Amino acid sequence: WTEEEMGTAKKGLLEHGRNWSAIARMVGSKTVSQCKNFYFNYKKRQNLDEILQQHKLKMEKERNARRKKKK
């Protein structure tokens, strides 16, 4: 995987999350098993683990902070 499509897989796994169907349709454009098996070859829960954790907390914190519409 060239860093361009790795950046599209970074974008995919950030935006759509770990939904292998959405990712394998985005970067793979065919079969869910592509991104699933990809995850065992490029099995590195350091960089990508942090990408998903940051995706979680960034959206979640401001989503709660914007629902201050409550007395």
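For the reader, a short list of remarks on this structure follows.
- Scanning the stretch 1-10 for residues that are outside any loop (DSSP other than H, G, I, E, B) and either touching a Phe, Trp or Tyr at 6+ places or on another chain (Cβ under 7 Å) or touching a residue at least 12 places away in the same chain (Cβ under 8 Å) (or both) turns up 5, 8, 9, 10.
- Condition check for residue 36: over 11 Å from the mean Cα position of the chain (by Cα) and part of a loop (DSSP other than H, G, I, E, B): no
Every residue, every condition in (1) part of a helix (DSSP H, G or I); (2) surrounded by fewer than 15 Cβ atoms within 10 Å (Cβ to Cβ), yes or no:
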residue	(1), (2)
24	yes, no
40	yes, yes
44	no, yes
48	yes, no
53	yes, yes
56	yes, yes
59	yes, yes
64	yes, yes
69	no, yes
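- Pairs where the first residue, in the stretch 43-54, is within 12 Å of residue 17 (Cβ to Cβ) and the second is surrounded by 10 or more Cβ atoms within 10 Å (Cβ to Cβ) and not hydroxyl-bearing (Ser, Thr, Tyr), C-beta under 7 Å, 6+ apart: 48/13; 51/10; 51/13; 51/14; 52/13; 52/17; 52/18
Bear in mind these aren't lab numbers, they're just calculated from the coordinates by the rules spelled out. Because the Cβ atoms are built from the backbone with ideal geometry, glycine has one as well, and the counts that use them run over all protein chains shown.
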